[PDB]
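Peer 1: Dropping a structure here in structure tokens format, bear with me for questions.
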Amino acid sequence: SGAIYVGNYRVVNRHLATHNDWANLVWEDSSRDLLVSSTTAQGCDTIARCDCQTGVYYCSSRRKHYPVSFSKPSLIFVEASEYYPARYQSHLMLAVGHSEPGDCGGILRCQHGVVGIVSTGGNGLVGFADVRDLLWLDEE
Ligand SMILES: NC(=O)[C@H]1CCCN(C(=O)NCC2CC2)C1
Ligand SMILES: [Zn+2]
């Protein structure tokens with residue numbers, strides 16, 4: 001579990017969104033596994049606006065932050081799970097690292113701010129849903 005709190009927005013994995021998230025919906029995209037809802041309180045996270053390929057992510061199943069090298073956001077095939085059929089997930093970045101069910105929502109960050117959140121795992125790979133292209137998170 002986990003979310004990004006930027007401005008008056010809450011960014012979560014779409015597959016983990018709550019009823020309150022759907023009832024206060026700003027934007028959602030199943031192909032990216034992202035959903036954004038509105039918040040009453042202002043958050044403290046800031047979004048990175050860059051093309052970094054190195055950063056640090058939080059792994060809840062290890063209680064540890066790990067430094068990683070990650071691929072550029074792209075269209076990647078993700079196997080069938082209990083949340084989605086086998087499909088191409090867009091804006092996904094992969095790295096070598098531990099990720100098991102429960103780790104979605106952990107933040108990946110670089111020197112510029114939050115880059116994205118954990119969205120996939122297994123086989124010694126961790127995948128992150130990028131948010132750096134969502135420029136509207138910084139305003140309104
Ligand atoms: N983005 C996806 O299609 C996910 C949905 C949850 C299931 N899935 C995973 O890779 N889970 C393993 C660890 C928790 C990350 C694919
Ligand atoms: Zn950066």
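Chain labels A, B, ... are given in the sequence in which chains occur in the structure tokens; within each chain residues are numbered consecutively from 1, and ligands are likewise numbered from 1 in the order shown.
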For residue 87 (chain A), work out the shell of residues within 12 Å, counting only C-alpha atoms and skipping chain neighbours fewer than 3 positions away, then give it as an NGL selection string.
Peer 2: :A and (30-33 or 75-81 or 83-84 or 90)
Peer 1: What do you get as a PyMOL selection string if you pick all residues at most 7 Å from ligand 2, counting only C-alpha atoms and all ligand atoms?
Peer 2: chain A and resi 48-52+110-113
Peer 1: Which one of A:1, A:71, A:37, A:18 sits closest to ligand 1 if you count only C-alpha atoms and all ligand atoms?
Peer 2: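 The answer is A:1, which sits nearest to ligand 1.
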Peer 1: Pick out the residues no farther than 7 Å from ligand 1, counting only C-alpha atoms and all ligand atoms, and list them as a PDB file with N, CA and C atoms, in the first residue's frame.
Peer 2:
```
ATOM      1  N   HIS A  15      -5.641  -0.247  -8.887  1.00  0.00           N
ATOM      2  CA  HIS A  15      -6.175  -1.512  -8.367  1.00  0.00           C
ATOM      3  C   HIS A  15      -6.347  -1.533  -6.850  1.00  0.00           C
ATOM      4  N   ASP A  33      -2.303   1.740 -14.459  1.00  0.00           N
ATOM      5  CA  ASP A  33      -2.537   1.357 -13.067  1.00  0.00           C
ATOM      6  C   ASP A  33      -2.492   2.570 -12.136  1.00  0.00           C
ATOM      7  N   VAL A  78       2.612  -7.326 -18.930  1.00  0.00           N
ATOM      8  CA  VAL A  78       2.499  -7.724 -17.531  1.00  0.00           C
ATOM      9  C   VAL A  78       1.586  -8.956 -17.478  1.00  0.00           C
ATOM     10  N   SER A  81      -2.960 -11.314 -13.377  1.00  0.00           N
ATOM     11  CA  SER A  81      -2.931 -11.343 -11.912  1.00  0.00           C
ATOM     12  C   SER A  81      -4.401 -11.365 -11.430  1.00  0.00           C
ATOM     13  N   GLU A  82      -4.623 -11.297 -10.112  1.00  0.00           N
ATOM     14  CA  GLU A  82      -5.992 -11.218  -9.597  1.00  0.00           C
ATOM     15  C   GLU A  82      -6.596  -9.812  -9.837  1.00  0.00           C
ATOM     16  N   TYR A  83      -5.787  -8.806 -10.262  1.00  0.00           N
ATOM     17  CA  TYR A  83      -6.300  -7.442 -10.511  1.00  0.00           C
ATOM     18  C   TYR A  83      -6.462  -7.067 -11.963  1.00  0.00           C
ATOM     19  N   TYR A  84      -5.656  -7.674 -12.873  1.00  0.00           N
ATOM     20  CA  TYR A  84      -5.768  -7.362 -14.306  1.00  0.00           C
ATOM     21  C   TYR A  84      -5.496  -8.646 -15.110  1.00  0.00           C
ATOM     22  N   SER A  99       9.943  -7.127  -4.949  1.00  0.00           N
ATOM     23  CA  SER A  99       8.588  -6.588  -4.955  1.00  0.00           C
ATOM     24  C   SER A  99       7.662  -7.774  -4.907  1.00  0.00           C
ATOM     25  N   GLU A 100       6.831  -7.848  -3.883  1.00  0.00           N
ATOM     26  CA  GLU A 100       5.882  -8.932  -3.751  1.00  0.00           C
ATOM     27  C   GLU A 100       4.560  -8.312  -3.417  1.00  0.00           C
ATOM     28  N   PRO A 101       3.470  -9.071  -3.551  1.00  0.00           N
ATOM     29  CA  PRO A 101       2.160  -8.544  -3.221  1.00  0.00           C
ATOM     30  C   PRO A 101       2.149  -7.882  -1.858  1.00  0.00           C
ATOM     31  N   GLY A 102       1.677  -6.636  -1.861  1.00  0.00           N
ATOM     32  CA  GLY A 102       1.687  -5.735  -0.701  1.00  0.00           C
ATOM     33  C   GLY A 102       2.617  -4.538  -0.923  1.00  0.00           C
ATOM     34  N   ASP A 103       3.600  -4.659  -1.840  1.00  0.00           N
ATOM     35  CA  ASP A 103       4.567  -3.579  -2.045  1.00  0.00           C
ATOM     36  C   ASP A 103       4.085  -2.449  -2.942  1.00  0.00           C
ATOM     37  N   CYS A 104       2.971  -2.658  -3.664  1.00  0.00           N
ATOM     38  CA  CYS A 104       2.449  -1.547  -4.503  1.00  0.00           C
ATOM     39  C   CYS A 104       2.187  -0.305  -3.694  1.00  0.00           C
ATOM     40  N   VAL A 118       5.514   1.922  -6.897  1.00  0.00           N
ATOM     41  CA  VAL A 118       5.572   0.500  -7.227  1.00  0.00           C
ATOM     42  C   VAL A 118       4.213   0.049  -7.788  1.00  0.00           C
ATOM     43  N   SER A 119       4.231  -0.705  -8.925  1.00  0.00           N
ATOM     44  CA  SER A 119       3.018  -1.211  -9.575  1.00  0.00           C
ATOM     45  C   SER A 119       3.143  -2.698  -9.938  1.00  0.00           C
ATOM     46  N   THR A 120       4.364  -3.247 -10.114  1.00  0.00           N
ATOM     47  CA  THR A 120       4.527  -4.674 -10.483  1.00  0.00           C
ATOM     48  C   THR A 120       5.678  -5.308  -9.706  1.00  0.00           C
ATOM     49  N   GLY A 121       5.714  -6.655  -9.681  1.00  0.00           N
ATOM     50  CA  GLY A 121       6.771  -7.385  -8.991  1.00  0.00           C
ATOM     51  C   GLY A 121       6.927  -8.811  -9.483  1.00  0.00           C
ATOM     52  N   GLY A 122       7.764  -9.579  -8.785  1.00  0.00           N
ATOM     53  CA  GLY A 122       8.028 -10.982  -9.112  1.00  0.00           C
ATOM     54  C   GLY A 122       9.336 -11.175  -9.843  1.00  0.00           C
TER      55      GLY A 122
END
```
Peer 1: List the neighbours of residue 91 (chain A) out to 6 Å using only C-alpha atoms; skip same-chain residues closer than 3 positions along the sequence, and give me the result as JSON, numbers by chain.
Peer 2: {"A": [73, 74, 130]}
Peer 1: Give the strand (DSSP E or B) residues of chain A, as assigned by DSSP on the backbone, as a PyMOL selection string.
Peer 2: chain A and resi 4-13+25-29+34-44+47+54-59+64-69+74-78+87-96+107-110+113-120+125-130
Peer 1: Show me, as a count of residues only, the residues that have an atom within 7 Å of residue 95 (chain A) when counting only C-alpha atoms, minus same-chain residues fewer than 5 positions from it.
Peer 2: 7
Peer 1: What's the 9 Å shell around residue 114 (chain A), counting only C-alpha atoms, without same-chain residues fewer than 6 positions away, as a ChimeraX atom specification?
Peer 2: /A:4,45-49,107-108,131-132
Peer 1: Quick check for you: according to DSSP on this backbone, which residues of chain A are classed as helix (DSSP H, G or I)? Reply as a list in words.
Peer 2: residues 14, 15, 16, 19, 20, 21, 22, 23, 30, 31, 32, 135, 136, 137 and 138 of chain A
Peer 1: Keeping only N, CA, C and O atoms, write the selected residues as a CSV table (one decimal), in the first residue's frame.
Peer 2:
```csv
chain,number,residue,atom,x,y,z
A,14,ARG,N,-4.4,2.2,-9.2
A,14,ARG,CA,-5.8,2.1,-9.5
A,14,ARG,C,-6.4,0.9,-8.9
A,14,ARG,O,-7.5,0.9,-8.3
A,15,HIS,N,-5.6,-0.2,-8.9
A,15,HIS,CA,-6.2,-1.5,-8.4
A,15,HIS,C,-6.3,-1.5,-6.8
A,15,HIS,O,-7.0,-2.4,-6.3
A,16,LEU,N,-5.8,-0.6,-6.1
A,16,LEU,CA,-5.9,-0.4,-4.7
A,16,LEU,C,-6.8,0.8,-4.3
A,16,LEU,O,-6.9,1.0,-3.1
A,19,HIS,N,-13.3,3.1,-2.0
A,19,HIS,CA,-14.5,3.7,-2.4
A,19,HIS,C,-14.4,5.3,-2.3
A,19,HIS,O,-14.9,6.0,-3.1
A,20,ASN,N,-13.8,5.8,-1.2
A,20,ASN,CA,-13.7,7.2,-1.0
A,20,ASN,C,-12.8,7.8,-2.2
A,20,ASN,O,-13.2,8.9,-2.7
A,21,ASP,N,-11.8,7.1,-2.7
A,21,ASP,CA,-11.1,7.6,-3.9
A,21,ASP,C,-12.0,7.7,-5.1
A,21,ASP,O,-12.0,8.7,-5.8
A,22,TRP,N,-12.8,6.7,-5.4
A,22,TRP,CA,-13.7,6.7,-6.5
A,22,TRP,C,-14.8,7.8,-6.4
A,22,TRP,O,-15.2,8.4,-7.4
A,23,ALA,N,-15.2,8.1,-5.1
A,23,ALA,CA,-16.2,9.1,-4.9
A,23,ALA,C,-15.7,10.5,-4.9
A,23,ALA,O,-16.4,11.5,-5.0
A,30,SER,N,-6.6,2.8,-16.4
A,30,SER,CA,-6.3,1.4,-16.2
A,30,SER,C,-5.0,0.9,-16.9
A,30,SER,O,-4.3,0.2,-16.3
A,31,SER,N,-4.7,1.4,-18.1
A,31,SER,CA,-3.5,1.0,-18.8
A,31,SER,C,-2.2,1.4,-18.0
A,31,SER,O,-1.2,0.8,-18.3
A,32,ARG,N,-2.3,2.4,-17.2
A,32,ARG,CA,-1.1,2.9,-16.4
A,32,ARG,C,-1.2,2.4,-14.9
A,32,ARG,O,-0.2,2.6,-14.1
A,135,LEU,N,1.9,16.8,-15.6
A,135,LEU,CA,2.3,18.1,-15.1
A,135,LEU,C,1.2,18.8,-14.3
A,135,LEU,O,1.5,19.6,-13.4
A,136,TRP,N,0.0,18.4,-14.5
A,136,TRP,CA,-1.2,19.0,-13.8
A,136,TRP,C,-1.1,18.7,-12.3
A,136,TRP,O,-1.8,19.4,-11.6
A,137,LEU,N,-0.4,17.7,-11.9
A,137,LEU,CA,-0.3,17.4,-10.4
A,137,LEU,C,0.3,18.6,-9.7
A,137,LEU,O,0.0,18.7,-8.5
A,138,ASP,N,1.1,19.5,-10.3
A,138,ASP,CA,1.7,20.7,-9.7
A,138,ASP,C,0.8,21.9,-9.6
A,138,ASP,O,1.3,22.9,-9.1
```
